[PDB]
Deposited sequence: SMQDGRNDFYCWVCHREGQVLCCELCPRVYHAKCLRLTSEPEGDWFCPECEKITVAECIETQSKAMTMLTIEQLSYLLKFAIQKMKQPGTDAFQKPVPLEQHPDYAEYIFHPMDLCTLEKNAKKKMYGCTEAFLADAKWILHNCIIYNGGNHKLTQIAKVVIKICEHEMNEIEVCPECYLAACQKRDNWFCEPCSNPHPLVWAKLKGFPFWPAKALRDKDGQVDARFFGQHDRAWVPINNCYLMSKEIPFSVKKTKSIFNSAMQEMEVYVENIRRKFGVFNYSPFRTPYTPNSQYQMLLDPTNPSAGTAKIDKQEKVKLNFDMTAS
């Protein structure tokens, strides 16, 4: 049953209908080349389609069954359900809001979202976020964009977006960080993240995992603190024995980071049999293979084939 309120701006008016879902849109809100002719699927349905196509699913999704994704969405829900989100934890009751269904054609709340996830209804992170966004749309429609509840619903969505992004960067990292087992940061992932010296401007060189490469920036997760930052690629070296010296305020904190990295290297050598340190100041390059080479003096031989286990995660 189609919505009356634009998915983008949350206002009524003349609105286009999606063929696949009940969302509607002002044409003007979509900034189109021209209005659609007939077969039209909205930006949410389009995203979901691209994300759920096996050939073009993310690295994260290729890693994961629908049931494994559902486990991770359960962790995301628990972050969304934090103290102060009470108003959104259960369906809106008609007792308190007798006219709710006159405005809100697709109710949603955190308990429904959680149940849906447990039932394996979501095929990708995009689909989970698209559904959670009904909570904010509905809040704005019914209560108004400047209502205090809208602040809360906005934070719930920003949390969801954050958690979905983390799943997509690396589902194995995400699960490890969620469960916080003993030395969780020292567990190598199935396609292990290269270790780098990473220098954020104004910060000392520090050991990190390189999680992804986007246009000249590296997404680095630092040993010790386990914080993150985009780092310019030319400020990232492959891990080496020789340390790029920086003046630092606390030696003990840097020591704890190096110790953690040492355990990680022991663990990767156990898991894959290899870890190659680089000559000092060797530039990190995207999708770096160096550390996983069987013979680092013979890069054409690549990484060793030992493998055909189903439980890769």
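- Going by the record, the unmodelled stretches of the deposited sequence, in order, are 1-5, 313, 320-326.
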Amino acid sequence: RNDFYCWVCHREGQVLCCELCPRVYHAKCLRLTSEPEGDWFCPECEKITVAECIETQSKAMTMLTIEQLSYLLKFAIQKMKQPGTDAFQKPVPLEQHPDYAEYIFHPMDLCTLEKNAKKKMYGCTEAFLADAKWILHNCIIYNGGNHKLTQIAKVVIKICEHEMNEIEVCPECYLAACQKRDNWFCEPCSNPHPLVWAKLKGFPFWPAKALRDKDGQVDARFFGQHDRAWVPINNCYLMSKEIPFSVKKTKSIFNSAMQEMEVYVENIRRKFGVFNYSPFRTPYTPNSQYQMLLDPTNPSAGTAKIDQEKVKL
From here on, numbers count along this sequence of modelled residues.
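- Per the records, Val247 is among the residues left out by at least a third of the other compared entries, whereas the shown structure includes it.
- Checked against the record, the higher mean CA B factor of 180-188 and 101-109 lies with 180-188.
- Here the stretch with the larger average CA B-factor, out of 242-250 and 49-57, is 49-57.
- Out of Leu72, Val155, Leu129, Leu200, the entry records its largest CA B-factor for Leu200.
- Each of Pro171, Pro204, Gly84, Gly216 has a CA temperature factor in the record; the biggest one is found at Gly216.
- Placement of the Cα temperature factor of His10 within the chain: lowest third of the modelled residues, per the deposited record.
- When all modelled residues of the chain are sorted by CA temperature factor, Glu95 is found within the highest third.
- Ranked by C-alpha B-factor against the other modelled residues of its chain, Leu64 falls in the highest third.
- When the modelled residues of the chain are ordered by their C-alpha B factor, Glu166 lands in the middle third.
- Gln78: CA B factor lies in the middle third for its chain, per the PDB record.
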